[PDB]
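Below are the chains, spelled out letter by letter.
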Amino acid sequence: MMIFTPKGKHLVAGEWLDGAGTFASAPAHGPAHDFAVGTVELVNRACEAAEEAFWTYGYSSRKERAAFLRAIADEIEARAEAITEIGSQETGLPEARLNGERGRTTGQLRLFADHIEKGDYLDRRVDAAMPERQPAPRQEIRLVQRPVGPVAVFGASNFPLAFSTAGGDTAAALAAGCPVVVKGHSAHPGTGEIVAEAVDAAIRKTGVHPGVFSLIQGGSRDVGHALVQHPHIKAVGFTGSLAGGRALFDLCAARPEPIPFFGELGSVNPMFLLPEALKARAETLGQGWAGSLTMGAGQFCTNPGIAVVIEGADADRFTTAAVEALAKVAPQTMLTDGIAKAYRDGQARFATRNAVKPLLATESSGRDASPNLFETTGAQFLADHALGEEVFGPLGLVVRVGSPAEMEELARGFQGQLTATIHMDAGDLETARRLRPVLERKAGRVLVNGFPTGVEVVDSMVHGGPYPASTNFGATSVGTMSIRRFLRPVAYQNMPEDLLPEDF
Amino acid sequence: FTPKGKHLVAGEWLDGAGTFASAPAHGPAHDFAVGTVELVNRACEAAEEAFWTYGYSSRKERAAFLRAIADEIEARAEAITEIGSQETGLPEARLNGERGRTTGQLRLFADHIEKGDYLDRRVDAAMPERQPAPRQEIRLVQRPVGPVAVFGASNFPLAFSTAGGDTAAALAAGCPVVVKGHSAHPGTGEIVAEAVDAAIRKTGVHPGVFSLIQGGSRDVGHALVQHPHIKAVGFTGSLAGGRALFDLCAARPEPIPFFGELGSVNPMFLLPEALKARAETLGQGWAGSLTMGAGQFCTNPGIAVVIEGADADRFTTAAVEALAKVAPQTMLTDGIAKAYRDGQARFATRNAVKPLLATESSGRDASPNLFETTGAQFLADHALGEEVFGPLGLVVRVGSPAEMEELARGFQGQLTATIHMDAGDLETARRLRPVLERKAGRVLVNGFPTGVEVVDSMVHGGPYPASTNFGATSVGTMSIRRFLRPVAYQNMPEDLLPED
């Protein structure tokens, strides 16, 4: 009945390969499949090929790469039906999610294609010769961005298309002129396979070197390590956990020749609901929040885990409105059993703090999660660092504060976040103005009157934030500026026109 | 000019853990405060406090501050040259020229931030009409990262030091700076700090926007790069010291980027038609570039790669005869002069290398040297490819264009690589350029790498081990990016937007 049955092989520079035995997928529904296990040899093979591809692909024209990105997008769209089927099986995410995230993925490819055809990203600059200058002449100097080299991409589990195989990091690296070696996530190997098939088809059709793209399935921890330590890998894009991300970052920094590691890690994504907005719109705000908390079983990196409110009647209105909306939400299947378990473990760390009162507690079982809501005061939150812990899943925490001054205090105490949000009416402006300069420094994206769960794929996006939200040191992982992670500028001095690189 | 010998910590001139003595080439030694951890903490706390004003500065305000710094430096020209030439042993002409570089660089950043293009402002308009869900407006702008630590260079005591290119770029971005001042030119540090202090008092900027901590131990430097409030580091110096600080920055509970320029040999490839037509002037031009500033340039061209033959012999003879005329020149410190003598011996004691000019240096002075070797011997010994800081050249003779190109493939990352060519060398040049552009931040044709222009188009940096910049430049307007982070603002009322 299956539209797609997986090969279960690695794709290494145009060849489908077996591995050190096999591992079974763990789908939420549908049949398990066996996938090749990755090895350090397979990593070496992919990275050598990516190096060899770079001599041609690193030197290709923008028009040629735009063609190739458009070809990948067209191939992914030719596989819409198989992507939704295997994708929903593996992850437990509804079909409607897989279909929409496919559209995000292909549109993101095509936005990069348009972006490089414009050419502004090359940062081309020129300073003319001045033979007349005294006491010594100036030679002509030109600058242009160039691709860094092969890049490693560690796909995200929770966005198995748009942050995975041919997702934002792969797309930015290919657009720059970097071949990509993707460490496939164990949680969706069949979904990684159908997208690797699309990329493979695009490579055969366009004629680019097959070493431009590899996918290695199921690495043991030594396999992920070998990849970020490989001498030909020149940068890493990663989306995952703090512990996992920081360990790879430290490996990149410990290499004989270190390389930049661009990882998007954990955030609580706090929102601050100001007194006048809350007075006017508390119910709508509490329902808007319950919607954001529970989308995709809570499995968004931008999930607003914390709402900060000045104590009183309007807070109560908001909190009741949230509780009510949340009480209506049925269990949702999560991405893996380990994730469902971590969620329960998290729920238990809240249920057992005497510092926290539960507003909603549900039993979650198996691979499913039902929402939870807890409440605490600012002083108890400022008392216990663990209450600002990210819980991956649909758990929310209301922190009731005494005043704007205490709300600012909390805001100053947060570690770096992907996002921070202010809910406000025109009468909240003075408070919002005290908060904005603190939140600007804590997060890569500051939202007013919105929920941080939707991340627009636009030129203006900053998806990332101060460590420990990311190790991006300013870079974004989404939007066209993310292409900077994979470029290095080079200056060309006194160079004859016929020797200049094509990029000019 | 008679130095006070004090640290400048947020508008206050402070004592330290006793004094250390300057070691000038000529003139009086002076005593200077020793830096401490507590003084690092005080400067970093004040820089954080200053950030809430300075980091929220207008570009107009910061340009006026940069221009005021430049004006105050030019107001102290004679003092700067005096104490500068004394401490470093460099000629007065070099200190004069370098002061112009320093003021001109500040001015360039003032002009750059007034144009505003560096802020990368972008806007994606609202789409209320979009469904399923409408799109809210998103706007992006670059913001200063926070307080920045700057380690001044020993070898450019103005332009890569107290108010040099890293300080200029950080102040331009909106970042307060704490300077770990190099112990080889403390009075030159002090006088430029007294200029920055005067500009701060004239303009009304927060006094914690700038601090200078003199001397102090290896632990002072460590505490600066590990300070929780320091958000980025600019550094110019040795591979060993720079990698050590890089490693500390990555090991912090909250890591921060470390931008360190670390040294290179800056190889040149002299192609056969050029060597046939201009071997002598090429050997003469190399000799001048090798010996400039007692060889004390991070971009000093330490290696010439040539295909063997009569023309390579002409080039070698010409370079030796030109080097032989060059008088010893005083180096920046005794320790540098001694490390240079060590580098000469590194060559002079290897049987795989032939000495061509092997004069011994004494005391603080450096004698030019020249050695020769073959491609195979070079690749066989990593030591032969390591930087010598001072006026020593190595000629590396290969057998063919293929072997030259394989040698190019073998180099570690460099600040620069150079091709000397004539029109008939174009096809060989075309095979080399893709290789060298992956090895170096700046690829030069027909020039010497020693001069680094301060222009929009400069990339002064290179793949590790030349720098830890991962692409960033240390010099040129693009260097401002090291100290900026973009922030997106979604659905934000005009009234609440930051002023940029």
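Residues numbered from 1 in each chain as written, not as in the entry; some residues may be left out. Chains lettered and ligands numbered in written order. Heavy atoms only, no water. Residues with missing side-chain atoms left out of burial classes, pairs and counts.

Per the PDB record, the structure was determined using X-ray crystallography to 1.91 Å resolution.

(A) Region of the structure containing the pairing of strand β10 (residues 235-239) of chain A. All names here are of chain A. Counting buried positions along β10 yields five of five residues, so the element is predominantly enclosed. Judged by which residues are buried, β10 turns out to be covered on both faces: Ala-235, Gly-237 and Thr-239 on one side and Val-236 and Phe-238 on the other are all buried. When strand β7 (residues 151-154) meets β10, the two strands line up parallel, connected through four bridges. Bridge assignment links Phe-154 to a residue of β10, and that residue is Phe-238. The pairing of β10 with strand β11 (residues 261-264) spans four bridges and is classified as parallel. Each bridged residue has a counterpart across the sheet, and for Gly-237 the counterpart in β11 is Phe-262. (Buried < 20%, exposed > 50% of the residue type's maximum accessible area, 1.4 Å probe, protein only. Helix = DSSP H or I, 4+ residues; strand = E, 2+ residues; numbered from the N terminus. Pairing = 2+ DSSP bridges.)

(B) Representation of the pattern of salt bridges. Considering all chains together, one arrives at 59 salt bridges over all chains under this definition. One salt bridge in this structure joins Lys-205 of chain A and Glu-75 of chain A, with 2.5 Å as the shortest N-O distance. With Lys-205 of chain A in helix α6 (residues 189-206) and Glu-75 of chain A in helix α2 (residues 62-78), the pair connects residues that are 130 residues apart, well separated along the chain. What makes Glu-75 of chain A buried here is its relative accessible area of 9%. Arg-67 of chain B serves as the salt-bridge partner of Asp-111 of chain B, at 2.8 Å between the closest nitrogen and oxygen. On the criterion of sequence distance, the pair formed by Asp-111 of chain B in helix α4 (residues 92-115) and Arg-67 of chain B in helix α2 (residues 59-75) is long-range, its members being 44 residues apart. Using a relative accessible area of 38% as the deciding quantity, one classes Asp-111 of chain B as partly exposed. Beyond isolated ion pairs, a larger network of salt bridges with shared partners links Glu-75, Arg-79, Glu-197 and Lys-205 of chain A. (Salt bridge = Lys/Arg side-chain N within 4 Å of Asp/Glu carboxyl O.)

(C) Structural detail: the interface of chain B and chain A. In this assembly, 72 residues from chain B lie in contact with 75 residues from chain A. Between chain B and chain A the total buried area reaches about 6300 Å² when both faces are included, carbon and sulfur atoms providing 55% of it. Counting the contacts that link chain B with chain A gives seven salt bridges. For the interface between chain B and chain A, the tally reads 55 residue pairs in polar contact. (Contact = heavy atoms within 4.5 Å. Buried area = accessible area lost by both parts, 1.4 Å probe. Polar contact = N/O pair within 3.5 Å; in protein donor to acceptor, adjacent residues only side chain to side chain.)

(D) Structural context of unusual backbone geometry. Between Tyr-467 of chain A and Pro-468 of chain A the backbone carries a cis peptide bond, its omega angle lying at 15°. The topology assignment puts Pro-468 of chain A in the loop between β20 (443-448) and β21 (487-493). The amide bond that connects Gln-131 of chain B to the next residue, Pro-132 of chain B, takes the cis arrangement and shows omega of 10°. By secondary structure assignment, the location of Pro-132 of chain B is in the loop between β5 (122-124) and β6 (138-144). With a phi angle near 50°, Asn-449 of chain A is a residue other than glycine that sits in the positive phi range. Notably, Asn-266 of chain B is not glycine yet its phi reads approximately 55°, a positive angle. As for its placement among the helices and strands, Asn-266 of chain B is situated in the loop between β11 (258-261) and β12 (268-270). On the basis of relative accessible area, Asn-266 of chain B is assigned to the buried category, the value being 0%.

(E) Representation of the state of the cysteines in the model. Residues and elements named next belong to chain B. Across all of its chains, the model carries zero disulfides over all chains by this definition. Free of any disulfide, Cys-249 has its nearest neighbouring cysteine sulfur in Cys-44, separated by 12 Å. Distance from the sulfur of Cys-298, which forms no disulfide, to the nearest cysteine sulfur (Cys-249) is 19 Å. (Disulfide = S-S within 2.5 Å.)

(F) Representation of the pairing of strand β17 (residues 369-374) of chain B. Residues and elements named next belong to chain B. Burial runs high along β17: five of the six residues are buried. Direction of pairing for strand β15 (residues 354-357) relative to β17: antiparallel, over a ladder of three bridges. Looking across to β17, one finds that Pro-355 is bridged to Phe-371. As paired strands, β17 and strand β18 (residues 392-398) are joined by six bridges and run parallel to one another.

(G) Region of the structure containing helix α13 (residues 404-413) of chain A. All names here are of chain A. Along α13, the residues that are buried comprise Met-407, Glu-408, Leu-410 and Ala-411. An end-on view of α13 places all buried positions within 160° of arc, on one side of the element. Exposed and oriented more than 90 degrees from the buried face of α13 are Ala-405 and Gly-413. On its buried face, α13 is in contact with β12 (271-273), β13 (306-310), α12 (378-383), β18 (395-401) and α14 (429-442). (Arc of directions from axis to C-beta.)

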